[PDB]
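Okay, so here's the structure we're looking at.
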Amino acid sequence: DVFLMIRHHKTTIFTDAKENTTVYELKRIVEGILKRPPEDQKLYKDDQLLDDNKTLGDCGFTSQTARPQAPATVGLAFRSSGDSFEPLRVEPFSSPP
Amino acid sequence: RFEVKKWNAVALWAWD
Amino acid sequence: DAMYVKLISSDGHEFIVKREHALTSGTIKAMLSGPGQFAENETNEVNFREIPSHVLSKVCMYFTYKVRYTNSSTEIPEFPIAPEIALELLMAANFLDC
Amino acid sequence: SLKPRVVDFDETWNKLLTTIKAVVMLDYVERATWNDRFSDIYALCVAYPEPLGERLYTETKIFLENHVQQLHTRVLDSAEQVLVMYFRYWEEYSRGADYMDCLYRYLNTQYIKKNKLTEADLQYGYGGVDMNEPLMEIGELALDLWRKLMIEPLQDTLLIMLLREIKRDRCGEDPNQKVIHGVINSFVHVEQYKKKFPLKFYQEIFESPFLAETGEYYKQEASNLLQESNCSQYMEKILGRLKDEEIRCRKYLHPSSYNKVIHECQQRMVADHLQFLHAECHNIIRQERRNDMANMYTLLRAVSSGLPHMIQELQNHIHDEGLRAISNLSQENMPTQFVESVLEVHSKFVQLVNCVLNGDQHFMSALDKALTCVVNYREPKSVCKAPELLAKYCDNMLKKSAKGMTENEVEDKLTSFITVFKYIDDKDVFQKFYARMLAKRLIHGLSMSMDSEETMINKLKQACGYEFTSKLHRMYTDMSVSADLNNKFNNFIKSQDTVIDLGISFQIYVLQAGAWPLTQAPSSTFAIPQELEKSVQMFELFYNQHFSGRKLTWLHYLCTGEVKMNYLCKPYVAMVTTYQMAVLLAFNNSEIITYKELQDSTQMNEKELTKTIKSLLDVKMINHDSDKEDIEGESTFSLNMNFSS
Amino acid sequence: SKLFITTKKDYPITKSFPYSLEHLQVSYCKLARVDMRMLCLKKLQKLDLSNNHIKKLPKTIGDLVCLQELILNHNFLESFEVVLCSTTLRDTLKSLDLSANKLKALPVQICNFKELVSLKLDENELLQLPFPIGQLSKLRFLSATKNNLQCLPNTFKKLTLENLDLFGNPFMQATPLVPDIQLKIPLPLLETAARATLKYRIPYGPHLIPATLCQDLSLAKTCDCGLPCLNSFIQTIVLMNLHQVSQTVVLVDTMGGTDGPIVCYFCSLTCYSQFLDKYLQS
Ligand SMILES: [Zn+2]
């Protein structure tokens with residue numbers, strides 16, 4: 001069981017999945033939430049692009065990291081004009097005093 | 001000369 | 001968003017959360033059950049113009065933590081509360097009733 | 001920023017009151033404004049150093065009171081339409097009250113519910129604790145003020161309207177069911193917030209007056225229908241009105257009253273006139289009134305003592321009909337006619353009770369009692385003749401003369417018989433009579449097959465237990481093993497060292513003593529002809545070799561055999577008994593035999609001697625050598641030289 | 001400095017008392033309410049109003065500055081007011097004897113008066129003794145005999161006294177084996193955040209936190225494990241050795257018995273397990 005926190009600029013999504021989860025089901029979850037075609041968005045992990053075919057078994061999103069009390073942070077970027085994608089300019093959260 | 005050909009006897013049995 | 005509610009913090013951050021995850025707090029359940037005759041236009045927006053994003057994030061985190069750990073007998077761990085986040089997150093829990 | 005801060009009351013309360021007015025009736029309001037007002041209420045409830053929970057509560061209460069008073073005035077000004085306007089404003093206000101209860105959730109859960117801490121519960125004081133004008137939920141308060149300021153001041157006007165419309169429905173008119181139902185269940189909905197006696201307000205305000213008025217109206221209706229209509233269509237309209245009333249009660253009132261009304265809609269128009277019903281039911285059952293029987297059954301099962309009188313009357317009718325059916329039995333076929341008549345009565349009345357009277361258990365019990373009295377109907381100064389008739393019926397069913405009837409219908413008639421046989425009160429007489437005629441049939445071999453009496457005795461055992469047919473059980477087993485004993489004796493005869501042709505085809509029947517209902521002739525000392533003493537002694541030795549401590553007795557008033565005339569020109573087959581064989585042996589010894597040699601040979605008493613001699617003279621077996629028409633002790637006889645048959 | 005009034009004749013109807021008085025004792029007087037005059041005196045050190053018919057205490061004190069010892073037993077007071085505990089009376093009050101009065105639910109706000117040293121609440125019908133007398137560090141004498149005290153506060157287990165009078169009170173049998181399950185898992189977010197806030201032991205106030213939350217924090221129960229619990233707890237009324245709290249314990253018709261019922265509050269079932277193990281072992 002893995003808990004993921006997708007962050008795409010002024011948006012954040014909490015998702016549930018499993019270790020054998022493929023990237024395509026996360027991508028179609030983002031489809032159902034953003035109704036923007038899946039080839040536009042591509043997932044990341046610490047400024048590193050990740051591919052659709054593989055599963056989260058070796059992605060590093062283990063149950064010890066993807067946790068209900070600390071979901072694994074996942075980036076996301078849609079498609080800009082043409083076949084280009086915007087950078088990972090997702091803003092951080094506010095700073096508690 | 002006349003003779004009996006059949007007989008259907010009936011009997012009861014009890015303690016001696 | 002007819003099955004994913006959206007929470008807008010004061011800072012402007014948008015959080016997309018399962019409806020049942022958000023319904024563990026009474027006030028969100030009331031807010032959705034608001035004026036009635038809801039559009040069901042694939043849009044569930046609730047704007048918390050009073051709580052910072054860094055607190056509403058932990059609110060959604062606790063929503064998931066409560067919802068998945070319900071009806072479970074495993075070794076449930078203590079929820080992480082930072083000392084720099086305890087106060088306003090606590091009063092956010094008050095406003096949310098969860 | 002979520003923070004306890006100084007908050008000005010009026011500025012927030014402006015938009016708060018605006019949206020509360022917007023929500024109190026169904027009209028458009030933004031979801032964003034809804035959440036903003038949640039935030040505003042939270043800010044108002046907690047503030048430093050001046051909390052505004054009490055001020056917010058009081059102002060909301062005042063606004064609700066003003067709104068409900070305005071609604072009450074507007075509805076009162078709406079004459080001739082109080083109910084419809086009341087229901088419209090009621091549904092609007094109830095939905096708005098639920099919306100406010102949701103919307104003041106922080107106020108309810110953090111101020112109102114914290115102020116009910118009157119007793120010592122770890123939180124004494126520290127908020128409103130003194131008992132003065134108790135606080136309650138905003139939805140609860142809204143409904144409470146609805147009942148105090150809209151319901152009670154309008155109470156008397158509502159009922160007069162409501163009772164008018166329901167009566168209007170009972171007069172055939174069709175009012176708007178939605179409005180009446182809403183008004184009626186509004187009393188429950190308002191009071192819904194009390195844990196104990198939720199319907200109490202409804203019971204006091206609408207239920208009891210409705211019960212009384214329905215009672216009066218249906219008392220009047222019953223009095224009328226009794227006045228212009230006779231009994232049959234009276235029950236017809238009772239049923240119609242009761243059905244329509246139950247439909248109406250479901251249509252309007254709360255479910256908890258659905259029974260009460262009909263209970264008060266039958267006691268006023270059925271249970272108050274069962275005297276008219278009980279006095280007439282006697283006529284109905286003794287006549288062909290099926291639907292009427294069903295109508296009284298339905299009416300009387302509802303009331304307390306309606307059934308037992310009809311039950312007793314039906315018992316009496318069935319008993320009288322059965323007596324009438326069995327009082328005119330033709331003598332030539334009296335057993336079978338009696339059995340079929342009782343069967344027909346039972347079948348017809350069970351069909352009537354199951355089909356029309358729904359097969360009530362009490363009706364079946366009354367039928368059983370009536371038919372039990374019928375079957376044991378004994379004429380004055382006479383004994384119960386039913387067991388003899390039943391046993392004779394079984395006999396006649398099992399006799400050879402039952403030509404053209406196979407087995408299957410024989411067991412069918414058997415099962416049909418068993419129902420009537422169950423009604424017999426003294427089974428012992430029938431048991432003795434049937435045992436007697438079964439013994440007669442078995443000795444004479446006058447039964448369809450072994451399985452016929454098997455089924456007979458098995459069903460008798462089923463009806464009256466094993467011990468009832470115990471001797472019956474032994475008799476058929478003994479007659480069945482008779483063939484086994486006969487073949488065993490034949491094997492023994494072939495087994496002896498020297499075998500002599502006796503010239504007699506010997507058949508035996510060895511029977512258990514006591515079980516068989518055949519009496520031994522007291523000291524008849526009949527002298528067996530010498531052709532049979534060898535058989536007697538060999539059978540005695542055979543049995544006492546194969547049995548330990550057992551003796552044998554021989555009765556010769558039933559043993560029969562075949563005597564054939566062969567040497568003469570008149571070959572005739574004769575079935576002849578022991579005494580008649582002795583007579584023929586004596587007449588064969590000497591052509592002239594007088595009575596003295598008859599006593600010398602037979603050596604038995606005179607009664608059976610003379611009975612046998614008339615038996616022979618009946619078919620012209622022997623010639624009486626004298627002219628005397630009576631046989632004295634000196635009479636002479638000879639064999640018939642010229643006999644034909 | 002010492003005056004005594006045992007009759008209405010000795011009680012001045014209009015004229016005021018002299019300023020040289022130190023101890024004022026008023027008894028056997030028909031005073032339905034406390035007069036505003038006597039609250040204006042400067043140095044009433046010990047004030048006694050026993051055997052009066054006062055049902056409501058004054059809302060606010062006028063000018064008293066010390067009021068070291070106040071006695072109001074044998075009065076007609078039903079229930080104290082909330083506001084009267086917001087004054088500086090906490091600073092110097094040493095005792096409060098309200099025995100044989102109609103006090104049925106004493107306000108918990110009395111904990112704000114941390115400076116008392118002796119309490120006498122005999123012959124009352126108080127439902128239960130207040131919770132945070134653990135805030136009363138300087139208390140020495142407590143007595144609440146002949147009251148309907150079902151269960152003592154948990155803080156009472158850690159108080160240290162000299163003598164205690166509690167006989168004649170309804171004490172139910174301890175039921176460790178049958179807990180009352182008000183605990184819920186997973187913990188409420190409010191409960192968890194309050195747990196963290198108390199664990200960090202950081203200051204707070206009604207200006208920073210909403211007042212109701214502040215109060216829930218103030219009365220938050222401290223579990224036996226050493227970590228507090230606001231809600232979702234296990235409440236168990238258990239018997240405890242009374243001789244540890246007070247070096248002498250007085251009871252009725254009990255020889256060798258020193259048991260006192262205290263409602264222990266437990267953070268979690270897991271923490272409750274170690275105390276169950278201690279109960280079984282000891
Ligand atoms: Zn603990």
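How things are named: the first chain in the structure tokens is A, the next is B, and so on; residues count from 1 in each chain; ligands count from 1 in the order shown.
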
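All residues of stretch 70-216 of chain E that DSSP, run on the backbone, classes as strand (DSSP E or B) are residues 70, 71, 95, 96, 97, 118, 119, 120, 141, 142, 143, 152, 161, 162, 163, 164, 165, 180 and 181 of chain E.
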
Check which residues of chain E sit at most 10 Å from ligand 1 using only C-alpha atoms and all ligand atoms, and return one row each with the closest pair of atoms and their distance in Å to one decimal, ordered by chain and rising number, as a Markdown table.
```
| residue | atom | partner | partner_atom_place_in_ligand_line | distance |
| --- | --- | --- | --- | --- |
| E:222 | CA | ligand 1 | 1 (Zn) | 8.0 |
| E:223 | CA | ligand 1 | 1 (Zn) | 4.6 |
| E:224 | CA | ligand 1 | 1 (Zn) | 5.3 |
| E:225 | CA | ligand 1 | 1 (Zn) | 3.7 |
| E:226 | CA | ligand 1 | 1 (Zn) | 6.3 |
| E:227 | CA | ligand 1 | 1 (Zn) | 5.8 |
| E:228 | CA | ligand 1 | 1 (Zn) | 7.2 |
| E:229 | CA | ligand 1 | 1 (Zn) | 7.7 |
| E:233 | CA | ligand 1 | 1 (Zn) | 9.0 |
| E:234 | CA | ligand 1 | 1 (Zn) | 9.5 |
| E:265 | CA | ligand 1 | 1 (Zn) | 8.2 |
| E:266 | CA | ligand 1 | 1 (Zn) | 5.2 |
| E:267 | CA | ligand 1 | 1 (Zn) | 4.1 |
| E:268 | CA | ligand 1 | 1 (Zn) | 5.9 |
| E:269 | CA | ligand 1 | 1 (Zn) | 8.3 |
| E:270 | CA | ligand 1 | 1 (Zn) | 7.9 |
| E:271 | CA | ligand 1 | 1 (Zn) | 4.6 |
| E:272 | CA | ligand 1 | 1 (Zn) | 6.7 |
| E:273 | CA | ligand 1 | 1 (Zn) | 9.4 |
| E:274 | CA | ligand 1 | 1 (Zn) | 9.1 |
| E:275 | CA | ligand 1 | 1 (Zn) | 9.2 |
```

Could you write out, as an mmCIF file with C-alpha atoms, in the first residue's frame, all the residues of stretch 150-213 of chain E that DSSP marks as alpha helix (DSSP H)?
```cif
data_model
loop_
_atom_site.group_PDB
_atom_site.id
_atom_site.type_symbol
_atom_site.label_atom_id
_atom_site.label_comp_id
_atom_site.auth_asym_id
_atom_site.auth_seq_id
_atom_site.Cartn_x
_atom_site.Cartn_y
_atom_site.Cartn_z
ATOM 1 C CA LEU E 189 -7.164 15.198 15.039
ATOM 2 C CA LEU E 190 -8.150 17.515 17.889
ATOM 3 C CA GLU E 191 -7.063 14.893 20.404
ATOM 4 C CA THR E 192 -3.764 14.202 18.633
ATOM 5 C CA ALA E 193 -2.905 17.885 18.238
ATOM 6 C CA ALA E 194 -3.728 18.565 21.890
ATOM 7 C CA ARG E 195 -1.565 15.595 22.876
ATOM 8 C CA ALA E 196 1.327 17.053 20.900
ATOM 9 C CA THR E 197 0.796 20.537 22.340
ATOM 10 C CA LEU E 198 0.890 19.226 25.906
ATOM 11 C CA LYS E 199 3.869 16.992 25.088
ATOM 12 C CA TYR E 200 5.883 19.985 23.891
ATOM 13 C CA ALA E 211 -11.406 29.614 24.751
ATOM 14 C CA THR E 212 -13.165 26.241 24.664
ATOM 15 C CA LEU E 213 -10.007 24.548 23.392
#
```

- Query: Quick one: which residues from chain C are at most 9 Å off chain A, using only C-alpha atoms, as a VMD selection string?
  - Reply: chain C and resid 1 4 11 to 18 52 to 55 57 to 58 60 to 62 64 to 66 68 to 69 77 to 80 84 to 85

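Interatomic distance, atom CA of residue D:411 against atom CA of residue D:372: 23.5 Å.
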
- Query: If you measure from atom CA of residue D:182 to atom CA of residue D:100, what distance in Å do you get, rounded to one decimal?
  - Reply: 20.9 Å

- Task: Taking only C-alpha atoms into account, report as a list in words which residues of chain C lie within 6 Å of chain E.
- Result: residues 86, 90, 93 and 98 of chain C

Within 9 Å of chain E, which residues of chain D come that close, and what is the closest atom pair and distance in Å for each? Count only C-alpha atoms and give it as a tab-separated table.
```
residue	atom	partner	partner_atom	distance
D:3	CA	E:208	CA	6.6
D:4	CA	E:207	CA	5.6
D:5	CA	E:207	CA	7.0
D:45	CA	E:210	CA	8.8
D:46	CA	E:210	CA	5.4
D:47	CA	E:210	CA	6.8
D:48	CA	E:207	CA	5.5
D:49	CA	E:207	CA	7.3
D:51	CA	E:211	CA	8.4
D:110	CA	E:212	CA	7.4
D:111	CA	E:212	CA	8.5
D:114	CA	E:212	CA	9.0
D:118	CA	E:105	CA	8.7
D:119	CA	E:105	CA	6.3
D:120	CA	E:105	CA	5.0
D:121	CA	E:128	CA	8.6
D:122	CA	E:131	CA	6.6
D:123	CA	E:108	CA	6.9
D:124	CA	E:107	CA	5.4
D:125	CA	E:82	CA	5.9
D:126	CA	E:82	CA	6.9
D:127	CA	E:82	CA	8.5
D:130	CA	E:79	CA	8.9
```

7 Å contact set for stretch 42-45 of chain A, only C-alpha atoms, chain neighbours under 6 positions out, as a PDB file with N, CA and C atoms, in the first residue's frame:
```
ATOM      1  N   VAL A  74       5.325  13.560  -5.367  1.00  0.00           N
ATOM      2  CA  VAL A  74       5.443  13.271  -6.789  1.00  0.00           C
ATOM      3  C   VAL A  74       5.191  14.553  -7.565  1.00  0.00           C
ATOM      4  N   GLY A  75       6.110  14.895  -8.466  1.00  0.00           N
ATOM      5  CA  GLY A  75       5.914  16.038  -9.329  1.00  0.00           C
ATOM      6  C   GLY A  75       5.032  15.717 -10.520  1.00  0.00           C
ATOM      7  N   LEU A  76       4.660  16.768 -11.248  1.00  0.00           N
ATOM      8  CA  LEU A  76       3.848  16.607 -12.446  1.00  0.00           C
ATOM      9  C   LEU A  76       3.924  17.884 -13.269  1.00  0.00           C
ATOM     10  N   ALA A  77       3.936  17.727 -14.591  1.00  0.00           N
ATOM     11  CA  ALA A  77       3.967  18.863 -15.501  1.00  0.00           C
ATOM     12  C   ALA A  77       3.196  18.512 -16.763  1.00  0.00           C
ATOM     13  N   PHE A  78       2.288  19.397 -17.160  1.00  0.00           N
ATOM     14  CA  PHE A  78       1.443  19.180 -18.328  1.00  0.00           C
ATOM     15  C   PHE A  78       2.216  19.534 -19.598  1.00  0.00           C
TER      16      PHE A  78
END
```

- Surrounding residues of stretch 161-177 of chain D excluding itself and chain neighbours under 6 positions, 10 Å, only C-alpha atoms, as a list in words: residues 80, 81, 82, 83, 84, 183, 184, 206, 209, 210, 213, 214, 217, 241, 244, 245, 248, 249, 251 and 252 of chain D

Go ahead and write the selection's residues with N, CA and C atoms as an mmCIF file, in the first residue's frame.
```
data_model
loop_
_atom_site.group_PDB
_atom_site.id
_atom_site.type_symbol
_atom_site.label_atom_id
_atom_site.label_comp_id
_atom_site.auth_asym_id
_atom_site.auth_seq_id
_atom_site.Cartn_x
_atom_site.Cartn_y
_atom_site.Cartn_z
ATOM 1 N N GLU D 80 -59.474 30.139 4.547
ATOM 2 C CA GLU D 80 -59.969 29.180 3.562
ATOM 3 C C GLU D 80 -58.812 28.439 2.895
ATOM 4 N N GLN D 81 -57.578 28.829 3.219
ATOM 5 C CA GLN D 81 -56.391 28.199 2.659
ATOM 6 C C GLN D 81 -55.315 28.022 3.720
ATOM 7 N N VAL D 82 -55.723 27.855 4.979
ATOM 8 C CA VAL D 82 -54.756 27.762 6.068
ATOM 9 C C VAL D 82 -53.859 26.548 5.885
ATOM 10 N N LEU D 83 -54.439 25.412 5.494
ATOM 11 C CA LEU D 83 -53.669 24.174 5.419
ATOM 12 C C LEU D 83 -52.584 24.247 4.352
ATOM 13 N N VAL D 84 -52.926 24.726 3.156
ATOM 14 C CA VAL D 84 -51.974 24.696 2.048
ATOM 15 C C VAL D 84 -50.808 25.641 2.318
ATOM 16 N N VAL D 183 -49.156 18.217 6.832
ATOM 17 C CA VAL D 183 -49.665 18.859 8.038
ATOM 18 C C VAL D 183 -49.704 17.867 9.191
ATOM 19 N N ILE D 184 -50.182 16.648 8.930
ATOM 20 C CA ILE D 184 -50.335 15.669 9.999
ATOM 21 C C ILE D 184 -48.979 15.265 10.563
ATOM 22 N N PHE D 206 -53.653 15.657 17.441
ATOM 23 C CA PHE D 206 -54.428 15.198 16.297
ATOM 24 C C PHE D 206 -54.991 13.795 16.477
ATOM 25 N N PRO D 209 -58.294 13.471 19.071
ATOM 26 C CA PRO D 209 -59.476 14.042 18.410
ATOM 27 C C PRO D 209 -59.872 13.296 17.153
ATOM 28 N N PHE D 210 -58.897 12.857 16.356
ATOM 29 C CA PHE D 210 -59.231 12.092 15.161
ATOM 30 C C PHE D 210 -59.871 10.764 15.524
ATOM 31 N N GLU D 213 -63.474 11.487 16.601
ATOM 32 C CA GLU D 213 -64.360 11.902 15.523
ATOM 33 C C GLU D 213 -64.630 10.748 14.568
ATOM 34 N N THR D 214 -63.615 9.927 14.286
ATOM 35 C CA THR D 214 -63.835 8.732 13.482
ATOM 36 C C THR D 214 -64.813 7.791 14.166
ATOM 37 N N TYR D 217 -68.292 9.304 13.693
ATOM 38 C CA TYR D 217 -68.743 9.239 12.308
ATOM 39 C C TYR D 217 -69.108 7.819 11.911
ATOM 40 N N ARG D 241 -65.989 -0.374 3.574
ATOM 41 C CA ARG D 241 -65.629 0.795 4.365
ATOM 42 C C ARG D 241 -64.365 0.550 5.175
ATOM 43 N N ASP D 244 -61.428 0.792 2.701
ATOM 44 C CA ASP D 244 -61.192 2.180 2.323
ATOM 45 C C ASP D 244 -60.615 2.976 3.485
ATOM 46 N N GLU D 245 -61.072 2.697 4.706
ATOM 47 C CA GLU D 245 -60.546 3.391 5.873
ATOM 48 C C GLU D 245 -59.082 3.055 6.103
ATOM 49 N N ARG D 248 -57.129 4.974 3.594
ATOM 50 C CA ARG D 248 -57.056 6.382 3.968
ATOM 51 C C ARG D 248 -56.074 6.605 5.110
ATOM 52 N N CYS D 249 -56.106 5.731 6.116
ATOM 53 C CA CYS D 249 -55.211 5.877 7.255
ATOM 54 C C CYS D 249 -53.759 5.782 6.823
ATOM 55 N N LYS D 251 -52.822 6.572 3.894
ATOM 56 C CA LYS D 251 -52.637 7.726 3.025
ATOM 57 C C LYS D 251 -52.297 8.989 3.806
ATOM 58 N N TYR D 252 -52.828 9.140 5.018
ATOM 59 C CA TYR D 252 -52.693 10.394 5.754
ATOM 60 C C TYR D 252 -51.838 10.295 7.007
#
```

If you take only C-alpha atoms and a cut-off of 12 Å, which residues of chain D touch chain C, and what are their nearest atom pairs and distances in Å to one decimal, in chain and number order, as JSON lines?
```
{"residue": "D:1", "atom": "CA", "partner": "C:50", "partner_atom": "CA", "distance": 4.8}
{"residue": "D:2", "atom": "CA", "partner": "C:50", "partner_atom": "CA", "distance": 5.2}
{"residue": "D:3", "atom": "CA", "partner": "C:88", "partner_atom": "CA", "distance": 7.9}
{"residue": "D:4", "atom": "CA", "partner": "C:91", "partner_atom": "CA", "distance": 9.6}
{"residue": "D:19", "atom": "CA", "partner": "C:35", "partner_atom": "CA", "distance": 10.3}
{"residue": "D:20", "atom": "CA", "partner": "C:35", "partner_atom": "CA", "distance": 10.8}
{"residue": "D:22", "atom": "CA", "partner": "C:35", "partner_atom": "CA", "distance": 9.6}
{"residue": "D:23", "atom": "CA", "partner": "C:35", "partner_atom": "CA", "distance": 7.1}
{"residue": "D:24", "atom": "CA", "partner": "C:35", "partner_atom": "CA", "distance": 10.2}
{"residue": "D:25", "atom": "CA", "partner": "C:35", "partner_atom": "CA", "distance": 10.5}
{"residue": "D:26", "atom": "CA", "partner": "C:35", "partner_atom": "CA", "distance": 8.4}
{"residue": "D:27", "atom": "CA", "partner": "C:35", "partner_atom": "CA", "distance": 8.5}
{"residue": "D:28", "atom": "CA", "partner": "C:35", "partner_atom": "CA", "distance": 7.6}
{"residue": "D:29", "atom": "CA", "partner": "C:35", "partner_atom": "CA", "distance": 6.5}
{"residue": "D:30", "atom": "CA", "partner": "C:35", "partner_atom": "CA", "distance": 7.5}
{"residue": "D:31", "atom": "CA", "partner": "C:35", "partner_atom": "CA", "distance": 6.8}
{"residue": "D:32", "atom": "CA", "partner": "C:47", "partner_atom": "CA", "distance": 6.9}
{"residue": "D:33", "atom": "CA", "partner": "C:47", "partner_atom": "CA", "distance": 9.8}
{"residue": "D:34", "atom": "CA", "partner": "C:34", "partner_atom": "CA", "distance": 6.7}
{"residue": "D:35", "atom": "CA", "partner": "C:31", "partner_atom": "CA", "distance": 6.3}
{"residue": "D:36", "atom": "CA", "partner": "C:49", "partner_atom": "CA", "distance": 7.9}
{"residue": "D:37", "atom": "CA", "partner": "C:31", "partner_atom": "CA", "distance": 10.0}
{"residue": "D:38", "atom": "CA", "partner": "C:31", "partner_atom": "CA", "distance": 8.0}
{"residue": "D:39", "atom": "CA", "partner": "C:50", "partner_atom": "CA", "distance": 7.4}
{"residue": "D:40", "atom": "CA", "partner": "C:50", "partner_atom": "CA", "distance": 10.1}
{"residue": "D:41", "atom": "CA", "partner": "C:95", "partner_atom": "CA", "distance": 10.2}
{"residue": "D:42", "atom": "CA", "partner": "C:95", "partner_atom": "CA", "distance": 7.0}
{"residue": "D:43", "atom": "CA", "partner": "C:95", "partner_atom": "CA", "distance": 9.7}
{"residue": "D:45", "atom": "CA", "partner": "C:95", "partner_atom": "CA", "distance": 10.9}
{"residue": "D:46", "atom": "CA", "partner": "C:95", "partner_atom": "CA", "distance": 10.6}
{"residue": "D:95", "atom": "CA", "partner": "C:36", "partner_atom": "CA", "distance": 9.8}
{"residue": "D:96", "atom": "CA", "partner": "C:35", "partner_atom": "CA", "distance": 9.2}
{"residue": "D:97", "atom": "CA", "partner": "C:35", "partner_atom": "CA", "distance": 11.9}
{"residue": "D:98", "atom": "CA", "partner": "C:34", "partner_atom": "CA", "distance": 9.9}
{"residue": "D:99", "atom": "CA", "partner": "C:34", "partner_atom": "CA", "distance": 6.8}
{"residue": "D:100", "atom": "CA", "partner": "C:34", "partner_atom": "CA", "distance": 9.3}
{"residue": "D:101", "atom": "CA", "partner": "C:30", "partner_atom": "CA", "distance": 9.2}
{"residue": "D:102", "atom": "CA", "partner": "C:30", "partner_atom": "CA", "distance": 5.4}
{"residue": "D:103", "atom": "CA", "partner": "C:30", "partner_atom": "CA", "distance": 6.7}
{"residue": "D:104", "atom": "CA", "partner": "C:30", "partner_atom": "CA", "distance": 9.4}
{"residue": "D:105", "atom": "CA", "partner": "C:27", "partner_atom": "CA", "distance": 7.2}
{"residue": "D:106", "atom": "CA", "partner": "C:95", "partner_atom": "CA", "distance": 7.5}
{"residue": "D:107", "atom": "CA", "partner": "C:95", "partner_atom": "CA", "distance": 10.9}
{"residue": "D:108", "atom": "CA", "partner": "C:27", "partner_atom": "CA", "distance": 11.9}
{"residue": "D:109", "atom": "CA", "partner": "C:97", "partner_atom": "CA", "distance": 9.1}
{"residue": "D:110", "atom": "CA", "partner": "C:94", "partner_atom": "CA", "distance": 9.4}
```

- Task: Considering only C-alpha atoms, return as a PyMOL selection string whatever protein or nucleic-acid residues lie within 7 Å of residue B:9, sequence-local ones (same chain, fewer than 3 positions apart) excluded.
- Result: chain D and resi 507-509+559-560

Saved selection, atoms kept: N, CA and C atoms, as a CSV table (one decimal), in the first residue's frame:
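This is the output file selection.csv:
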```csv
chain,number,residue,atom,x,y,z
D,507,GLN,N,-54.0,-80.6,5.0
D,507,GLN,CA,-53.6,-79.2,5.2
D,507,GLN,C,-53.8,-78.9,6.6
D,508,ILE,N,-52.9,-78.1,7.1
D,508,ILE,CA,-52.9,-77.7,8.6
D,508,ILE,C,-52.9,-76.2,8.7
D,509,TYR,N,-53.4,-75.7,9.9
D,509,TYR,CA,-53.3,-74.4,10.3
D,509,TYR,C,-53.0,-74.3,11.8
D,559,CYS,N,-62.5,-77.5,10.6
D,559,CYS,CA,-61.7,-78.3,9.7
D,559,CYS,C,-62.6,-78.8,8.6
D,560,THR,N,-62.2,-78.7,7.3
D,560,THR,CA,-63.0,-79.0,6.2
D,560,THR,C,-62.1,-79.8,5.2
```

- Message: Counting only C-alpha atoms, a student should be able to say which residues of chain D come within 8 Å of chain B; what is the right answer, written as JSON, numbers by chain?
- Response: {"D": [503, 504, 505, 506, 507, 508, 509, 510, 511, 512, 513, 549, 550, 551, 552, 553, 554, 555, 556, 558, 559, 560, 561, 562, 563, 564, 565, 566, 567, 581, 588]}

- Query: Residues at most 8 Å from stretch 169-184 of chain E, counting only C-alpha atoms, excluding those fewer than 6 positions away in the same chain, as a PyMOL selection string?
  - Reply: chain E and resi 145-151+231-239+260-261+268+276
